[PDB]
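Below: the structure, in structure tokens.
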Amino acid sequence: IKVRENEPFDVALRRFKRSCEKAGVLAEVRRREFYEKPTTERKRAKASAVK
Amino acid sequence: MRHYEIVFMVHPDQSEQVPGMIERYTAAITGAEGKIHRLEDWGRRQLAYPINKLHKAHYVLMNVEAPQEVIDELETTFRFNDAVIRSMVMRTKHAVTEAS
Amino acid sequence: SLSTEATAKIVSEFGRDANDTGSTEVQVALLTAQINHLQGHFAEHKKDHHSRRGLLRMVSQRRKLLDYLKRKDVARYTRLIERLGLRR
Amino acid sequence: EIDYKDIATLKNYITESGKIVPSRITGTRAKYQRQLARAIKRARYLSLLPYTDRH
Amino acid sequence: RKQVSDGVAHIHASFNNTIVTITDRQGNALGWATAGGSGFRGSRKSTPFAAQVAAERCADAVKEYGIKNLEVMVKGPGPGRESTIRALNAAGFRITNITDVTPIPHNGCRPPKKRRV
RNA sequence: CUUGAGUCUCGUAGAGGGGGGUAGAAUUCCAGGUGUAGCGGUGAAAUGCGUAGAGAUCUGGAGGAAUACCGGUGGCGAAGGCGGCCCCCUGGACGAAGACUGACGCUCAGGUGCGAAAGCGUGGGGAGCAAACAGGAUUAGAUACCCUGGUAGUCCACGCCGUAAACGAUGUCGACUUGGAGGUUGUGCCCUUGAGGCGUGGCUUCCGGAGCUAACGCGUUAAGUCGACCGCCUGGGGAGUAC
Ligand SMILES: [Mg+2]
Ligand SMILES: [Mg+2]
Ligand SMILES: [Mg+2]
Ligand SMILES: [Mg+2]
Ligand SMILES: [Mg+2]
Numbered sequence: 004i005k006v007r008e009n010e011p012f013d014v015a016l017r018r019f020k021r022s023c024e025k026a027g028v029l030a031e032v033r034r035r036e037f038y039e040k041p042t043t044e045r046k047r048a049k050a051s052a053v054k
Numbered sequence: 001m002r003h004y005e006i007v008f009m010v011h012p013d014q015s016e017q018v019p020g021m022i023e024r025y026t027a028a029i030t031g032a033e034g035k036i037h038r039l040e041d042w043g044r045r046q047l048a049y050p051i052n053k054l055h056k057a058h059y060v061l062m063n064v065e066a067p068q069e070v071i072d073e074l075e076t077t078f079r080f081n082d083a084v085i086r087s088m089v090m091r092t093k094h095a096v097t098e099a100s
Numbered sequence: 002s003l004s005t006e007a008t009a010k011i012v013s014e015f016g017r018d019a020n021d022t023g024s025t026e027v028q029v030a031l032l033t034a035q036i037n038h039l040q041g042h043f044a045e046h047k048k049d050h051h052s053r054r055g056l057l058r059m060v061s062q063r064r065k066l067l068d069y070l071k072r073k074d075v076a077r078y079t080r081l082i083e084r085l086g087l088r089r
Numbered sequence: 020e021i022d023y024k025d026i027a028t029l030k031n032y033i034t035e036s037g038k039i040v041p042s043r044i045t046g047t048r049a050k051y052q053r054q055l056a057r058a059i060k061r062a063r064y065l066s067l068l069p070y071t072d073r074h
Numbered sequence: 013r014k015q016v017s018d019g020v021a022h023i024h025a026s027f028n029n030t031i032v033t034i035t036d037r038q039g040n041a042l043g044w045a046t047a048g049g050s051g052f053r054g055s056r057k058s059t060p061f062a063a064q065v066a067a068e069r070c071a072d073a074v075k076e077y078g079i080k081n082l083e084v085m086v087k088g089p090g091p092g093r094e095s096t097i098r099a100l101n102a103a104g105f106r107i108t109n110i111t112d113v114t115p116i117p118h119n120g121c122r123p124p125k126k127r128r129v
């Protein structure tokens, strides 16, 4: 992640790489691994990944 | 025998032995009846990530034919010889001449 | 597996008829070969509980096909095994 | 892609963070993705590409 | 004092707290602001509207050196990962390279279970 | 005799297996600078760590384990199970033309081999996690859930135990019986003249038709209709216990 873009202002843009990490890739971890719990949910979400 | 595609990065500060170095290799394939259908001497080049200091190396393609035994020797000589850092030696991959 | 340059050789030596991959003579020899070779390989690692299976699958066939001879043309059976010393 | 030296027409598939992009965003036809990801990874080890921006 | 004008200021946003440490240019402390020691803590702290006050509090405890343009380094999903920044773009401080460092192991360690509330 | 099954040729994909090296990110620890009154944790707290200078921030070093993104209803394997990269040794599968073999096949009590995780023996290893255990907290109690720590183990080599909701809770092989959309992997072909248009195979998801079913549902990868062989069931508790 990098930021420079000149032009005087301070709108935001803190959403660029944002949607590629954030407290998401973090929340993805931090707590005990899933081991088997993923093979189920990660493959159970597909049930919805269709309709 | 078998085709190959080795790639080594020599310390830039020691880019003088790079030429003579290739010789041992070229010869370590002559008497072995092997062949070198490639030789991209990339020379100097900036390094993406630093490999124990220095942001540049000396890339030198290869692609030999000599049997495994001899090429294996190169892997051993490459180690001890600190003139070169990271390396890589893949097999045949169906010989590729020039380009790249 | 055996070098492509290999099988084509053994066959011309055991093959019932000039260049033929199908008869027992050819079948067996082609099998016993890979069996004798792998023996050394397995003398290493010996933990490959997978590659070893194949060793069996093909070996289990050796004694298997070798029977075909008895059940059929016995005259060759002994004449075939005496070649690789098999059975013993 | 067939190779790694293709650093030029290679980084295009990898994102800025060095992370390889999936397919729902690219569509590099799965069958080829295999060679793609493998080529990139093995390439980063030759300093041809950075394992990540930071380092 | 030393007069740097060009320094950094990493933001450590932890789910429970956050500390703003304005470092020099080569990585040298110059004043650290903490959400906890902001006259409030517990359920009051953590929050952005609060955990941010610490960040901007650096001024009357950091600017004593004299700084103008500077970049920012964020590391932590804490409830202030952003809020803290705004205080910098309002306290007079300029702004430059804003990069996120927040670590992410390529699957190496093993986080603790727990969390059975 | 050749359609079953098998060998030869050429290729095809893959986390299949065993061994040997190697890479980058991160935690922990140790060291040094900067800098100072907090950090950490929770519902709050407290224990714990801080002025003997932590935390944060930066620089150097050690080590172990795991391989982010890719990555997926994706793939491979008898099952268990198998993910960075490279090399070596090596098993199976699949498609293409023919060539060769000529029923050499199916199944299988006993027998033999493989076996997640925990556990056991010997010697190594030890960063992170964590049975046990010790504090702190909650509670009427709390030998728990929560927090702070933390030993075995988790890792490696060899040997042992052989269990699991070892699950599709569905033995294996073979033959057949509407179809629809998608996945993946070979191969033939069409201004290839496009991404693509038409075929034909291997494996694979979701749907569903007749039928089957007590129903739920299964439905060409059947729980449909047939055949060969094997394993097993015969009310619940006592008990998968006792001898
Ligand atoms: Mg605990
Ligand atoms: Mg399968
Ligand atoms: Mg175990
Ligand atoms: Mg033990
Ligand atoms: Mg259905």
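Protein chains in written order, with UniProt numbering: chain L, 4 to 54; chain A, 1 to 100; chain S, 2 to 89; chain P, 20 to 74; chain Z, 13 to 129. Just so it is clear, CB atoms sit at the ideal spot from N, CA and C, and this is done for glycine as well.
Every unbroken alpha helix (DSSP H) within the segment 39-90 of chain A, with a cutoff of 4 residues, ordered by chain: 68-80
To which residues does DSSP link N29(Z) through a beta bridge? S26(Z)
If we call anything under 8 Å between Cβ atoms a contact, is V18(A) one with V70(A)? no
List, in chain order, every chain L residue whose beta-carbon is nearer than 9 Å to that of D25(P). In chain order: nothing, as chain L lies at least about 24 Å away.
Alpha carbons only, please: which of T108(Z), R127(Z), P115(Z), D112(Z) is nearest the one belonging to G19(Z)? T108(Z)
Taking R122(Z) as the query, report the chain L residues whose CB atoms sit under 9 Å from its CB, ordered along the chain. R35, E36
Under 8 Å from the C-beta of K5(L): neighbouring residues of chain P: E35, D72
Per-residue contacts from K54(L) into chain Z (C-beta, under 9 Å): Correct list: empty, because the minimum Cβ distance to chain Z is about 32 Å.
Check each candidate in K14(Z), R13(Z), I23(Z), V16(Z) and name the one with the smallest Cα separation from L100(Z). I23(Z)
Within the chosen definition, does the segment 28-47 of chain Z reach the segment 43-59 of chain P through at least 3 CB pairs nearer than 8 Å? no
Endpoints, the beta strand (DSSP E) within which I79(Z) is located: 79-82
Compare the Cα-Cα distances from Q35(S) to each of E14(S), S24(S), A19(S), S4(S) and report the closest residue. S4(S)
Mind listing which residues of the segment 16-48 of chain L have their C-beta closer than 8 Å to chain Z's C-betas, in chain order? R17, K20, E24, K25, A26, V28, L29, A30, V32, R33, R34, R35, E36
Between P69(P) and chain A, is the shortest Cβ-Cβ distance under 8 Å, so that the two count as touching? yes
For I44(P), which three-state DSSP category applies? coil
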